[PDB]
Each structure stands twice: as C-alpha cells, then as structure tokens.
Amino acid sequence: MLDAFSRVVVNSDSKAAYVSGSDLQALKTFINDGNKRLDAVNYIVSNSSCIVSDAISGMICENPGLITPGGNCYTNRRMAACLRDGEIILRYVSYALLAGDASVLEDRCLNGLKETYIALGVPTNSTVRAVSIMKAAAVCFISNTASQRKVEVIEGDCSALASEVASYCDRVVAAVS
C-alpha cells in the first residue's frame, strides 16, 4: 500500500533527492484529473455486482465443462466461491484506481494467488477469461459506453483512466498465467 504521491517520494528517496519540478508536474496532472478519477471509480462500484455476474457467467457459457462434475464451478459452494473471488479482484482494482497505484492489489490480492490456485485445483485458464470480461466491462463503464447503462456526465476525455483500469486487470492475468 502506496499511492501515486508516495510512489514519487519512494522514487525520490532512493536517489537522495527532494521532489523535483518535473515530478511535481506529473502530480499536478493527477490533481487536475482528480474529479474524473472519482467518476471512473464511481461507475465501477455502482455496477459492481453486474461486472462480476456477467464475468463469471461469461466464463461458464464459453466453458460449460466448468459446471460438470469435477468442474470447479460445480456445486453451489463452488459457484459461490468463484463469484466471491471475482468480487475480490474488482474491489482491489477499484482500490488501485483510487490510489493511482497498483501496490494494494499486488500486495493484498495478487501475492500468493497463482500458487494457492494450483493447490485448490482452480483453473487459471478459466480465471483469465473472467478477468478479461471484467476489464471489458470496467473500461466501458468508465467510458460511459456500457450497452444497457448510460449515465449523464459532463463530457471530456477519460481514455487515460481507462488505460490504467485495463492495466490493473492485465496485472491480475499476468500473475496467474
């Protein structure tokens, strides 16, 4: 757990440097794009059970062998452990975008995830297509590009904010692949 600003002082400390005008200028843009970043986190959080039921159901309609006996989303305990897991990934994605930095996700979610997954037997190949659908959903909710749900914002550009959510989802894939 670090954010956008402590990232810059962690980096300045190592070089035994006070925070420089240019670094200080990277931080002003994040001050400038602060109201949009809250809107981006608001749209994920307000459609959060949606992103997750569709992620998990997408995975399933693409691999029915998951709800077969011995498939890891077979029994209800199991269907539920996986919606629960997708609910945890999205929450740390939401946290990371709030911080403007990935470390809470890395430390508090992604550390140990592939390993633990090997032991329980849960299929990391099907885990990655849940996370990819989630990404596709999150990216388009902060872009107000969702098929069924459009909101009214003052217009402007949020593609930068879309790129880092995709990037937090990509981190998750990378760590279990």
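Counting begins at 1, following the sequence as shown.
Colleague: Comparing 23 to 31 with 124 to 132, which has the greater mean CA B-factor as deposited?
Modeller: Mean B over CA atoms: larger for 23 to 31.
Colleague: If you average the CA temperature factors over each stretch, which comes out higher, 103 to 111 or 74 to 82?
Modeller: Higher mean C-alpha B-factor: 103 to 111.
Colleague: Could you check 66, 45, 52, 119 and tell me which one carries the biggest Cα B-factor in the deposited entry?
Modeller: The record points to 66.
Colleague: Would you mind finding, among 56, 38, 139, 61, the residue with the largest C-alpha temperature factor in the entry?
Modeller: Reading the PDB entry, the winner on C-alpha B-factor is 139.
Colleague: Ranking every modelled residue in this chain by its Cα temperature factor as given in the entry, which third contains residue 165?
Modeller: According to the entry, residue 165 has a C-alpha B-factor in the chain's middle third.
Colleague: For the chain shown, is the CA B-factor of residue 172 in the lowest, middle or highest third of its modelled residues?
Modeller: Residue 172: CA B-factor falls in the lowest third of its chain.
Colleague: Quick check for you: using the entry's CA B-factors within this chain, is residue 1 in the lowest, middle or highest third?
Modeller: Residue 1: CA B-factor falls in the highest third of its chain.
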